[PDB]
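So this block is final_25.txt, compact mmCIF, C-alpha atoms:
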```txt
# COMPACT_ATOMS: atom_id res chain seq x y z
CA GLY A 1 37.88 -5.38 28.32
CA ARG A 2 38.68 -3.45 25.17
CA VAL A 3 41.95 -2.43 23.54
CA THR A 4 42.56 1.31 23.23
CA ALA A 5 43.57 3.47 20.27
CA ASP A 6 47.21 2.40 20.40
CA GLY A 7 48.27 -1.22 20.41
CA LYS A 8 49.64 -1.12 23.95
CA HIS A 9 46.70 -0.53 26.29
CA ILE A 10 43.53 -2.27 27.50
CA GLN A 11 40.64 -0.45 29.17
CA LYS A 12 38.47 -2.33 31.65
CA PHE A 13 34.69 -2.62 31.52
CA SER A 14 32.38 -2.99 34.53
CA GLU A 15 30.03 -5.92 33.81
CA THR A 16 28.27 -7.80 31.02
CA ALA A 17 24.72 -8.39 29.84
CA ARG A 18 23.48 -10.87 27.27
CA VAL A 19 21.31 -9.99 24.27
CA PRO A 20 19.20 -12.64 22.49
CA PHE A 21 19.93 -13.22 18.81
CA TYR A 22 19.17 -16.24 16.61
CA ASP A 23 15.65 -16.33 18.08
CA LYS A 24 12.09 -15.56 17.03
CA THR A 25 11.08 -13.01 19.68
CA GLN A 26 12.86 -9.79 18.63
CA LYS A 27 14.45 -8.15 15.58
CA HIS A 28 18.16 -7.33 15.87
CA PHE A 29 19.66 -8.39 12.53
CA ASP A 30 17.32 -5.95 10.75
CA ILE A 31 17.41 -2.87 13.03
CA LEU A 32 21.13 -2.75 13.74
CA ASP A 33 23.46 -1.47 11.04
CA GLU A 34 26.41 -3.28 9.44
CA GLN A 35 29.19 -1.52 11.36
CA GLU A 36 27.61 -2.48 14.68
CA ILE A 37 27.98 -6.21 14.05
CA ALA A 38 31.76 -5.74 14.15
CA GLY A 39 31.18 -3.92 17.44
CA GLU A 40 33.14 -0.67 17.18
CA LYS A 41 30.53 1.99 17.98
CA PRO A 42 28.77 2.44 21.35
CA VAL A 43 25.02 1.89 21.05
CA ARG A 44 22.25 2.28 23.64
CA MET A 45 20.61 -0.75 25.25
CA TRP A 46 18.14 -1.36 28.11
CA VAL A 47 19.61 -3.40 30.95
CA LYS A 48 17.15 -5.42 33.10
CA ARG A 49 18.36 -6.70 36.48
CA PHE A 50 15.61 -8.49 38.43
CA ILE A 51 12.14 -9.88 37.69
CA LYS A 52 9.21 -9.84 40.09
CA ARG A 53 7.99 -13.36 40.88
CA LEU A 54 4.96 -14.16 43.02
CA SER A 55 3.52 -16.97 45.11
CA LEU A 56 0.18 -15.78 46.45
CA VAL A 57 -0.83 -19.13 47.96
CA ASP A 58 0.79 -19.06 51.41
CA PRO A 59 -0.56 -22.30 52.98
CA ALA A 60 0.81 -24.58 50.22
CA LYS A 61 4.32 -23.11 50.48
CA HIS A 62 5.01 -22.58 54.20
CA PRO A 63 5.03 -26.22 55.46
CA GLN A 64 6.29 -27.89 52.23
CA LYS A 65 8.27 -25.23 50.30
CA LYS A 66 10.17 -23.27 52.97
CA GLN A 67 13.33 -25.24 52.25
CA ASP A 68 13.91 -23.03 49.20
CA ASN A 69 15.69 -20.39 51.35
CA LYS A 70 15.09 -17.92 48.49
CA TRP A 71 11.78 -16.43 49.67
CA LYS A 72 13.31 -14.60 52.62
CA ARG A 73 12.40 -11.21 51.12
CA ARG A 74 8.60 -11.32 51.01
CA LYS A 75 7.25 -7.90 51.94
CA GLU A 76 3.63 -7.23 50.93
CA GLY A 77 1.35 -7.14 47.92
CA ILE A 78 -1.74 -5.77 46.21
CA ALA A 79 -3.06 -7.14 42.96
CA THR A 80 -5.71 -6.76 40.27
CA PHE A 81 -6.43 -7.91 36.72
CA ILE A 82 -7.19 -5.99 33.52
CA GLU A 83 -6.72 -8.32 30.52
CA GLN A 84 -7.07 -12.08 30.04
CA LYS A 85 -4.73 -14.10 27.83
CA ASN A 86 -4.20 -17.75 26.92
CA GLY A 87 -2.41 -19.04 30.01
CA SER A 88 -1.25 -16.22 32.27
CA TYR A 89 -3.06 -13.65 34.40
CA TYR A 90 -2.52 -9.90 34.73
CA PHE A 91 -1.43 -8.26 37.97
CA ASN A 92 -0.62 -4.79 39.30
CA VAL A 93 1.54 -4.63 42.43
CA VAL A 94 2.78 -1.79 44.65
CA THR A 95 6.52 -1.81 45.19
CA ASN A 96 7.19 -1.43 48.93
CA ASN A 97 4.69 0.78 50.80
CA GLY A 98 3.01 3.10 48.29
CA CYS A 99 5.83 4.59 46.20
CA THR A 100 5.37 2.84 42.83
CA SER A 101 2.79 0.36 41.50
CA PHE A 102 3.23 -1.33 38.12
CA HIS A 103 2.30 -4.38 36.07
CA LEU A 104 3.28 -8.02 35.69
CA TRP A 105 1.96 -11.34 34.42
CA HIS A 106 1.78 -14.57 36.39
CA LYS A 107 1.24 -18.20 35.49
CA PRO A 108 -1.55 -19.29 37.87
CA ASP A 109 -0.61 -22.39 39.82
CA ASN A 110 -2.89 -25.19 41.03
CA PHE A 111 -2.46 -23.93 44.60
CA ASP A 112 -3.27 -20.40 43.38
CA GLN A 113 -5.99 -21.42 40.91
CA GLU A 114 -8.30 -21.56 43.94
CA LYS A 115 -7.55 -17.88 44.65
CA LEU A 116 -8.88 -16.73 41.26
CA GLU A 117 -12.39 -17.64 40.11
CA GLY A 118 -12.52 -15.33 37.11
CA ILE A 119 -11.19 -11.91 38.00
CA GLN A 120 -13.30 -8.85 37.29
CA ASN A 121 -11.63 -6.16 35.18
CA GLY A 122 -11.04 -4.08 38.32
CA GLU A 123 -11.57 -6.24 41.39
CA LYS A 124 -8.92 -6.13 44.10
CA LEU A 125 -6.89 -8.74 45.99
CA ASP A 126 -3.68 -9.10 47.98
CA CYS A 127 -0.32 -10.35 46.70
CA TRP A 128 3.15 -11.61 47.63
CA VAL A 129 6.32 -10.44 45.91
CA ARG A 130 9.92 -11.53 45.36
CA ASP A 131 12.73 -10.29 43.09
CA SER A 132 14.69 -12.96 41.21
CA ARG A 133 17.83 -12.94 39.08
CA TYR A 134 17.79 -11.70 35.49
CA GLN A 135 20.53 -10.48 33.17
CA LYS A 136 19.38 -9.30 29.74
CA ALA A 137 19.12 -6.26 27.49
CA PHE A 138 16.90 -5.71 24.44
CA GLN A 139 16.75 -3.07 21.72
CA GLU A 140 13.77 -0.91 22.66
CA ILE A 141 11.83 -2.71 25.41
CA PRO A 142 9.69 -5.86 25.48
CA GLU A 143 6.12 -5.40 24.31
CA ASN A 144 4.78 -7.13 27.43
CA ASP A 145 6.45 -5.52 30.45
CA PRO A 146 6.72 -1.76 31.12
CA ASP A 147 9.10 -2.28 34.03
CA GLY A 148 12.11 -0.19 34.99
CA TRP A 149 14.74 -0.94 32.36
CA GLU A 150 17.85 1.19 32.80
CA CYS A 151 19.10 2.89 29.65
CA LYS A 152 22.84 2.34 29.26
```
As structure tokens, the full file:
Amino acid sequence: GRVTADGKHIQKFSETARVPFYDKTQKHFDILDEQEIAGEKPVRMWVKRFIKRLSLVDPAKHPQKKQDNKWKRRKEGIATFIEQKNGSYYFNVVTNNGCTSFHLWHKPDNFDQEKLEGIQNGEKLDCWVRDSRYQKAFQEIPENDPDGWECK
């Protein structure tokens, strides 16, 4: 909540979202002003709500990992690769049936490391999607994910 102009009333908020400080992945104590640390001026943030997670390897998860009861919402998936990094692999997935396709990164697992053999810069392959919990909000956007972050 928040107290109003007079000292007799409290207005109610809707929900919360955490913002990382005291870390070495963003810059908040050098972009924000001094008045905003006391928190008395509404500023814009980018709320994130759910992250796309994948498990492409189906045979190593159906008879030994279907006790998770979380992967009840697998729909489809297409995937590619455009840039190689130290430990993760690029992917581009379509959302439901051909409405929106965007990017993600995935840590390749030992049951999925047999699905990639060195991906060409544009070669195609299937995918498997899921949307998992997330509750955060940054200043501008992360420099690694151009996902749908709602401006609030």
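The nearest approach to residue A:112 among the residues A:67, A:84, A:55, A:132, with all atoms listed in the file taken into account, belongs to A:55.
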Extending 3 Å beyond the listed atoms of stretch 64-76 of chain A on each side, what axis-aligned box results? I want centre and edge lengths in Å to one decimal, as AutoDock Vina command-line options.
```
--center_x 9.7 --center_y -17.6 --center_z 50.7 --size_x 18.1 --size_y 26.7 --size_z 10.5
```
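For the pair atom CA of residue A:38 and atom CA of residue A:2, the interatomic distance is 13.2 Å.
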Would you kindly return, as number ranges by chain, each protein, DNA or RNA residue with an atom no farther than 10 Å from any atom of stretch 49-52 of chain A, considering all atoms listed in the file and excluding same-chain residues fewer than 5 positions away?
A: 17, 93, 95, 103-106, 128-137, 147-150
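The list of residues with at least one atom within 10 Å of residue A:101, based on all atoms listed in the file and without residues fewer than 2 positions apart in the same chain, reads residues 77, 78, 79, 92, 93, 94, 95, 96, 97, 98, 99 and 103 of chain A.
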Find the residues with any atom within 12 Å of (-1.4, -17.1, 35.4); use only C-alpha atoms and the coordinates as given in the file, and write the answer as a PyMOL selection string.
chain A and resi 53-56+81+83-91+104-119
Calculated over all atoms listed in the file, which of the candidates A:16, A:72, A:120, A:58 has the smallest distance to residue A:45?
A:16
To one decimal in Å, tell me the separation between atom CA of residue A:46 and atom CA of residue A:18.
10.9 Å
Correct to one decimal, the distance atom CA of residue A:57-atom CA of residue A:71 is 13.0 Å
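If only C-alpha atoms are the atoms counted, then among A:1, A:48, A:30, A:69 the closest residue to residue A:138 is A:48.
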Nearest to residue A:143, chosen from A:73, A:127, A:25, A:6, with all atoms listed in the file counted in the distances
A:25
At a cut-off of 12 Å, using all atoms listed in the file, what residues contact residue A:3? Leave out same-chain residues fewer than 4 positions from it and give the result as a PyMOL selection string.
chain A and resi 7-13+40
